[PDB]
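# Examining the three-dimensional arrangement
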Amino acid sequence: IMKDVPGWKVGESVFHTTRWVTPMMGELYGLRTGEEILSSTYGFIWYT
Amino acid sequence: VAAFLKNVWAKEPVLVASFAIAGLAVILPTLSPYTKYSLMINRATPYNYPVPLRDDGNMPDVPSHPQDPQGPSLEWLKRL
Amino acid sequence: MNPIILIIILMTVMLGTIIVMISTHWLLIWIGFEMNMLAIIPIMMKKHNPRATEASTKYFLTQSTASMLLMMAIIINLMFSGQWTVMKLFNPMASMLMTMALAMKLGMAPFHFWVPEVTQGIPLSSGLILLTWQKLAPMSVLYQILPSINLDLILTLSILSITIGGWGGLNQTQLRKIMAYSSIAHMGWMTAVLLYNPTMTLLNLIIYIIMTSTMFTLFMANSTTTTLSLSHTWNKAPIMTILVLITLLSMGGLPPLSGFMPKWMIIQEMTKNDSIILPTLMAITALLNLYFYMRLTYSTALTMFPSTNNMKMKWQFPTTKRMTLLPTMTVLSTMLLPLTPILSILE
Amino acid sequence: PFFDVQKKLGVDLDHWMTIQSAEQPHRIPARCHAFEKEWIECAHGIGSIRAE
Amino acid sequence: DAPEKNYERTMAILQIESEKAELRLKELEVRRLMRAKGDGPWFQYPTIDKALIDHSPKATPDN
Amino acid sequence: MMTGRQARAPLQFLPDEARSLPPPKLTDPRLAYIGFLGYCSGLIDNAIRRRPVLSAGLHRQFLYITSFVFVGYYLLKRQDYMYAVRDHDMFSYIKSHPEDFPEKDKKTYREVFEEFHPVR
Amino acid sequence: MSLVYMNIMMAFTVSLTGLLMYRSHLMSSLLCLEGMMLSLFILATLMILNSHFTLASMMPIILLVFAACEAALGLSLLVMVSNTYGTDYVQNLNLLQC
Amino acid sequence: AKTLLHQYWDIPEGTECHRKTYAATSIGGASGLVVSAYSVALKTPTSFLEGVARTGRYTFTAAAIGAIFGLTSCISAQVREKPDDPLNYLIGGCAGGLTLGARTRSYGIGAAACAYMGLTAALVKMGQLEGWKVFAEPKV
Amino acid sequence: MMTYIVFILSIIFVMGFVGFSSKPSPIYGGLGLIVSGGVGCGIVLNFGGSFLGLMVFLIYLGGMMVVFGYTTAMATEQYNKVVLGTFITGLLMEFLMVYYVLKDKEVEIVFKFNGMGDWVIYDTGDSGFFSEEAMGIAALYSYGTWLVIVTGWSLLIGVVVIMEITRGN
Ligand SMILES: CCCCCCCCCCCCCCCCCC(=O)OC[C@H](COP(=O)(O)OCCN)OC(=O)CCCCCCCCCCCCCCCCC
């Protein structure tokens, strides 16, 4: 996707460290469908 | 201490029962033999993961397997 | 009030101030202010007349608003820092909100509008507590957050407090409102030097508490709540006129008295930091405070206003009032300027 | 008037809720435990002016 | 008094007050450098104590 | 100003390094002035309750003088300690930072030019 | 940052300007004060749940308890004002102007 | 409104009179709006019409003070050809004082505001010259 | 729409605060604060603060607003322009904020704010056999000794204070 944007670094860390940072919910389920989003982000909270 | 207690058990038995139940609740765990076992059961309940240790070479009291003899046992919890 | 209940409530006021002073967590700071307000409300309603209920209601509203703004500043600190240490703040918005909240807790202008009304509505001992003891906790929190305090904000609050506390007392004849506008002016003086040297802030706070405790103790000993009732002191207890003379000449910043020491050390530390105009305007504005102080001294000690005939009966009775520490508070509020380098113990 | 009574008496009244990297119940890690530990162990002892 | 006494006493007074004046100027300069750079014993505003940090193995390893 | 020094050992009124300093003598003019404040407090205490001022309660005036001298002795110890701490930190910062405190070349007045502004 | 934090802050400022602009009643002032407290509760809870910072989960309980005790004190002041004047109107509480 | 003062003080004296007059007019109008807001705050007017009337009167008064202030200052800097000279702001402050006296409809307030605001504007010019800090940064 | 459920509840929360903060009456002010407490409680419940949301319902709405309505029934008598005008003013301001942050996905009133849903900022981990919020509230007793001391002392003092000032003597 991010080819047309000038000056984009693909996979650029927003952190200055090289330590592994735990992935966020948007960092995993961001480019996916909203059903998978809801099942990962309010599934356990809404479950019965 | 005897006539006042019978008088207040005649007049206000609700408050006598209240202060008796509350006083036994205060002083009885200090005289109970089973208060230690509450502590022992609560610290032996494994909510987390028992993260293993790097065997540097000399840890004789740390086992290499769950079924090894050395380690904190719970025979007292099964038996009681 | 039951004296057991009075002792427990005053210990709770002191305990709230101590919890604000000694704790390292923002929630305990807020708990200490809540405890302090909740305990001091019956000290204000000790006499149970509509003026004490009005004063306690206004005090509740202002301190409650300040407490909620303080918790909002703490919450924005928890946003932008994820922690709770009572130290510098990590956001200028939280710094502005906490400076506003502590200015409301002090009664600094423009949030000064409760202090003369609430001080008028309550008795003299509760007014003494409000104008001396309740200044200790927010000045401690301002002492611990001074790396984050905006300079222009605290200096605007300081000069506005000095000017409004100067022009407020010039119209007043009630003694409690005079002490309240003097409180506004002196809190402006204390926060004006805070970012430059907070040891001089503590010096001004201690000398002001000594002088205010002296004036309220003299007002309780003479049972005078108006200027014109303070004027009848010469025909009853002539030493008290001398004491209010030397204490009001102290609070005006006249040398050789100890009330010259705070403002002289404040001008002394602010001109180290290349500020000449600001302490000069502060010092010229303090002449208004000294003007209504001189008005009180003229009405009380330097002249003799005409008395009534029933004073002859009170000539036959001495004072049975426990004037606690009044000679000590009178001496320490007048003759301490030779001991000006004692301020180093507050470093 | 930060009268540090807690460090003088050696008692712990409120140092435990103060940061996220403190001893949590059941050793629950916060989401920024490593980052706050790095920032605290950086900024410790050098004061606010050098820590900024 | 003798002119010797006034003269040498004046020199003692000038030595003491000149030393105090140089120490006041150095005091202002030291305070300026310590508020600016923040690397001395003064103006050390408190940071967080790093002894509060729990270094135990937590519930999840990514920390 | 010195908030980082008195934070590692908090609430010490007189630390252990304060005993390396000479204490104030009992003939200290500051301590004598605080004793005079105790005498004045005793006189005002007898005056406000309509007692004979110089006569009544010599035990009370003696306790006022004793109490002010007793408080003021420890206050002067803390005062001398804090100014000694101030000079110690000053001298350590001057000694440890030579590049910020250069030895100024003291020019004699044969080289120093000063513009003469006449008064006429 | 988070979009819901904007709404909870704006809610605190709405209840602030309600509390900072009286109409007639002291009860409406106390309602605006406890709406401010409600927004503080929600904002603190959303931060502490978001951070997974465990020991501050007891903090909103302490906020709620202390400020509801504050609210009981305010209602007792309102009751004494209403026993004095008959209403809880703020214009009856102006004896201290002189 | 800090940038109002910045866009006042960026322009040199005696060069661009219309923009300096507009900037000083806007600064005075902002001050008049602040005084109007506090005056309708602490004192309730008789109606909303009286409130907007008092607001417009105070705002136009302070805006006219700033307008004649900046106009007199820049035209005096042009006709005297001296940029770094506080006599320009002295005459401008006296013109603003006469403006305040004309708005308050009295002569003695006009002369008093002339003298005091002229001395004040000269002090502001000298603080602009030697760099006098009223809100000085703590340095020691 | 369902992914933005906490945002929708927050907009209803702001609308409720505009509803009672315009102050039509203390009775309807209490009603608006009850509805606001319910929807803000829903905001809290949708992040996993189940105990804190039920503390809202049980304590806030269950005790304190009951006492506010109880006192309002003893203060005012049962049987405008500024209220409705300020209500529609706040509603216009809030929907302009919503329209701006939905058309631009970045807004700055005082701070910067994202325009996406707040589902993105959650954690992707599990807690095990406990609620972390429940265990942190359970730690009020073992860890929070001083906190319980000062809170219980403030409540006992609050009892004493209310009995002192309502006595009238
Ligand atoms: C130590 C453990 C912790 C104890 C604290 C916890 C208590 C839990 C229960 C909570 C009770 C809350 C309310 C308590 C109020 C007590 C005071 C009281 O009620 O006094 C008044 C009462 C007479 O009532 P009256 O004034 O006539 O009013 C009309 C009612 N008919 O007077 C009376 O009725 C007299 C009451 C006092 C005498 C009661 C003696 C009971 C002894 C029981 C056996 C020993 C138990 C050990 C602990 C003893 C503690 C005292």
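The record for the entry shows the title "Complex I with NADH, open3".

As annotated in the PDB entry, chain E is NADH:ubiquinone oxidoreductase subunit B5 from Ovis aries.

Helix and strand content of chain E: 1 helix and 0 strands. In terms of C-alpha radius of gyration, chain E reaches 27 Å, well past the compact-globule figure of 11 Å for 63 residues. The principal-axis extent of the C-alpha atoms belonging to chain E is close to 90 × 20 × 10 Å. Burial analysis of chain E (63 residues in total) assigns 25% to the buried set.

Below, the discussion takes up the state of the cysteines. Residues and elements named next belong to chain H. The final tally for this structure, using the stated rule, is 1 disulfide over all chains. Here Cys94 connects covalently by a disulfide to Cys114, the sulfurs 2.0 Å from one another. Disulfide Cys94-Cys114: the torsion about the S-S bond is -95°, which places it as left-handed. Taken together, the positions of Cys94 in helix 4 (residues 86-104) and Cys114 in helix 5 (residues 108-130) put the pair 20 residues apart, joining distant regions of the chain. Residue classification places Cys94 among the partly exposed residues on the basis of a relative accessible area of 21%. Assessed through its relative accessible area of 17%, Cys114 is described here as buried.

We now examine the interface of chain I and chain G. Each side of the interface is counted separately: chain I has 74 residues, and chain G has 58 residues. Of the roughly 5500 Å² buried where chain I meets chain G, counting both sides, 81% is carbon and sulfur surface. For the chain I face of the interface with chain G, the top three residues by lost area are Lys23(I), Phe68(I) and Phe113(I), together amounting to 12%. Along the contact surface separating chain I from chain G lie 0 salt bridges. If you look at where chain I meets chain G, you find 9 residue pairs in polar contact. When residues of the side of chain I that touches chain G are assigned to their parent elements, the largest contribution, 12 residues, is made by helix 3 (residues 50-72) of chain I. Of the residues belonging to the side of chain I that touches chain G, the class tally is 45 nonpolar, 22 polar and 7 charged.

Next up on the list: the arrangement of the chains. In this assembly, 20 pairs of chains are in contact, and the pair with the greatest number of contacts comprises chains G and I. There is no contact between chain B and chain G; across them, the least C-alpha separation is 15 Å. Chain E shows no contact with chain G. Their nearest C-alpha atoms sit 12 Å apart.

Before going further, it helps to spend a moment on the side chain of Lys263(C). Residue and element names in this part refer to chain C. On the secondary structure map, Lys263 appears in helix 13 (residues 260-270). One buried charged residue, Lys263, forms no salt bridge at all, with the nearest opposite charge on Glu269 at 18 Å. Among the polar contacts made by the side chain of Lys263, one reaches the main-chain carbonyl oxygen of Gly252 at a distance of 3.3 Å. Other than its neighbours up to four places away in sequence, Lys263 contacts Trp189, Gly252, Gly253 and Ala286.

We now examine the site of the ligand. Residues and elements named next belong to chain B. The full set of residues close to the ligand is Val8, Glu12, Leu15, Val16, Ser18, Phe19, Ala20, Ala22, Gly23 and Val26. Within the contact set of the ligand, a nitrogen atom lies 2.7 Å away from a side-chain nitrogen or oxygen of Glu12. Protein chains bury 39% of the 1200 Å² of accessible surface belonging to the ligand in isolation. Per-element tally for the shell around the ligand: the top contributor is helix 2 (residues 13-27), with 8 residues.

Attention now moves to the packing of aromatic side chains. Residues and elements named next belong to chain H. A full pass over the atoms with the stated rule returns 23 aromatic pairs over all chains. With centroids separated by 5.7 Å and ring planes inclined at 40°, the aromatic side chains of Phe69 and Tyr89 adopt a geometry described as tilted. Here the residue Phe69 occupies a position in helix 3 (residues 48-80), and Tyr89 occupies one in helix 4, the gap between them amounting to 20 residues. The two residues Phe69 and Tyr89 agree in class, both being buried.

Quick look at a nonpolar patch on the surface now. All names here are of chain I. On the surface, a nonpolar cluster with roughly 710 Å² of combined accessible area is contributed by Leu84, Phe87, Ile88, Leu92, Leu96, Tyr99 and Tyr100. Structurally, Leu92 is set in helix 4 (residues 82-104). The class for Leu92 is exposed, based on a relative accessible area of 55%.

What follows concerns the nonpolar core. Membership of the largest hydrophobic core comes to 250 residues, with the highest contact counts inside it found for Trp26(C), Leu27(C), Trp84(C), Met98(C), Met59(G) and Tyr60(I). Take this core: its biggest share by element is 18 residues, from helix 2 (residues 26-51) of chain G. Ignoring sequence-local partners within four residues, the contact set of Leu27(C) consists of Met71(C), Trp84(C), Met17(D), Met59(G), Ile62(G) and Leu147(I).

With that settled, consider the environment of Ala115(H). For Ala115(H), the position within the fold is in helix 5. Between the alpha carbons of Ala115(H) and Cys94(H) there is a distance of 6.1 Å; along the sequence they are 21 residues apart.

Relative to the helices and strands, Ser10(I) is located in helix 1 (residues 5-21). There is a polar contact of 2.5 Å between the side chain of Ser10(I) and the backbone oxygen of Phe7(I). Beyond its immediate stretch of four places on either side in the chain, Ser10(I) contacts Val4(G), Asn7(G) and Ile43(I).

With that settled, the discussion passes to the pattern of salt bridges. Side-chain pairing between opposite charges can occur once the charged atoms of the two side chains come close. Enumeration according to the criterion identifies 26 salt bridges over all chains in this entry. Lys58(C) serves as the salt-bridge partner of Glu54(C), at 3.0 Å between the closest nitrogen and oxygen. Linking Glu54(C) with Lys58(C), this pair stays in helix 3 (residues 50-81), spanning 4 residues, or about one helical turn. Accessibility expressed as a relative area gives 0% for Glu54(C), which makes it buried. Judged by its relative accessible area of 21%, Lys58(C) is partly exposed. The partner of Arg32(E) in a salt bridge is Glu29(E), and the shortest N-O contact between them spans 2.4 Å. On the criterion of helical spacing, the pair formed by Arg32(E) and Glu29(E) is a turn pair, its members being 3 residues apart in helix 1 (residues 3-37). For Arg32(E), a relative accessible area of 29% translates into the label partly exposed.

Here we come to helix 5 of chain H. The α-helix winds at 3.6 residues per turn, so residues separated by three or four positions along the chain end up facing the same way. Residues and elements named next belong to chain H. Given a rise of 1.5 Å per residue, 23 residues ought to cover 33 Å, and the 33 Å separating the end C-alpha atoms of helix 5 matches this to within 8%. What helix 5 keeps buried is the set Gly110, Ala113, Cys114, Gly118, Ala121, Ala122, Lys125 and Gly127. Elements in contact with the buried residues of helix 5: helix 3 and helix 4.

Turning our attention to the packing of helix 1 (residues 3-22) of chain C against helix 7 (residues 136-144) of chain C. Packed helices, taken two at a time, are described by the angle between their axes plus the distance between the axes. All names here are of chain C. Where helix 1 contacts helix 7, the two axes come as close as 9 Å, and the packing angle between them is 5°. As judged from the angle between their axes, helix 1 and helix 7 are roughly parallel. Here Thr17, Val20 and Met21 of helix 1 come into contact with helix 7, specifically with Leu136, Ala137, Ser140, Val141 and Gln144. Grouping the constituent residues of the contact of helix 1 with helix 7 by class yields 5 nonpolar, 3 polar and no charged.

This paragraph deals with helix 4 of chain I. When the terminal C-alpha atoms of helix 4 of chain I are compared, their 32 Å separation across 23 residues agrees well with the 33 Å that a helix rising 1.5 Å per residue should span. On its buried side, helix 4 of chain I packs onto helix 1 (3-19) of chain G together with helix 1, strand 1 (106-108) and strand 2 (112-114) of chain I. One or two residues past the end of helix 4 of chain I sits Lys105(I), with phi positive at roughly 60°.

A cis amide bond links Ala109(C) with the next residue in sequence, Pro110(C), at an omega value of 5°. Tracing the backbone shows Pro110(C) in the loop between helix 4 (92-106) and helix 5 (115-121). For the bond from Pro255(C) to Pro256(C), the omega torsion is 5°, close enough to zero to count as cis. Mapped onto the fold, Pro256(C) is located in the loop between helix 12 (238-251) and helix 13. Positive phi, close to 55°, is recorded for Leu80(B), a residue that is not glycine. Along the chain, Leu80(B) turns up in the segment after helix 4 (75-79). The class of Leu80(B) is exposed, set by a relative accessible area of 72%. Positive phi values are uncommon outside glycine, yet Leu11(F) reaches one of about 60°. Topologically, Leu11(F) is positioned in the segment before helix 1 (29-48). The exposure class assigned to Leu11(F) is partly exposed, which follows from its relative accessible area of 39%.

Cut-offs used in this document
- These residue numbers run from 1 along each chain by written sequence and may not equal the entry numbers. Residues without coordinates are not shown.
- Here every chain gets a letter starting at A, and every ligand a number starting at 1, in the order they are written.
- Shown here is not the whole assembly but part of a larger one, and the values apply to the part shown.
- Note: side-chain values were computed over all heavy atoms of the structure, leaving out hydrogens and water.
- Helix and strand definitions follow DSSP, with helices as H or I runs of at least four residues and strands as E runs of at least two, each counted in order from the N terminus.
- Every radius of gyration here is taken over C-alpha atoms, with the globule rule written as 2.2 Å times N^0.38, N being the number of residues.
- Relative accessibility decides the category of a residue: with a 1.4 Å probe and only protein chains considered, values under 20% of the type maximum give buried, values over 50% give exposed, and everything between is partly exposed.
- In this description, a disulfide is simply a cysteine sulfur pair whose atoms lie within 2.5 Å.
- Note on definitions: a residue-residue contact is assigned when non-hydrogen atoms from the two residues lie within 4.5 Å.
- Buried area adds together the accessible area that both of two parts lose upon being put together, with accessible area traced by a 1.4 Å probe.
- A side-chain nitrogen of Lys or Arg and a carboxyl oxygen of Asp or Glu constitute a salt bridge if their distance falls within 4 Å.
- What qualifies as a polar contact is a pair of N or O atoms within 3.5 Å, subject to a donor-acceptor requirement within protein and to the restriction that residues adjacent in sequence count only when both atoms come from side chains.
- Any residue that is not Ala, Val, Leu, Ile, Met, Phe, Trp, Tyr, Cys, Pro, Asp, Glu, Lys or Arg is counted as polar, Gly included; the first ten are nonpolar and the last four charged.
- Positive charges come from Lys and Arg alone, negative charges from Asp and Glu alone, with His and the N- and C-terminal ends not counted.
- In this text, near means that some heavy atom of the residue lies within 4 Å of the molecule or strand in question.
- All accessible-area figures derive from a Shrake-Rupley calculation using a 1.4 Å probe, and residue coverage is judged against the displayed protein chains alone.
- Working definition: rings of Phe, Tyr and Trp (its six-membered ring) pair if their centres are within 6.5 Å, and the pair is stacked with planes under 30 degrees apart, edge-to-face with planes over 60 apart, and tilted otherwise.
- Without a salt bridge and with relative accessible area above 30%, a residue can belong to a patch; like charges are then joined within 9 Å and nonpolar side chains (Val, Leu, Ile, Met, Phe, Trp, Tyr) within 5 Å.
- Only buried residues count toward a nonpolar core, which is a set of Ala, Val, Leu, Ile, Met, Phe, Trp, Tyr and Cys residues joined through side-chain atoms within 4.5 Å.
- A helix is expected to reach a length of 1.5 Å times the quantity of its residues less one.
- Helix axes are fitted to C-alpha atoms over the stretch in contact, other axes to C-alpha atoms as well, and angles between N-to-C directions run from 0 to 180 degrees.
- Orientation labels follow simple angle bins: below 35 degrees gives roughly parallel, above 145 gives roughly antiparallel, 65 to 115 gives roughly perpendicular, and whatever is left gives oblique.

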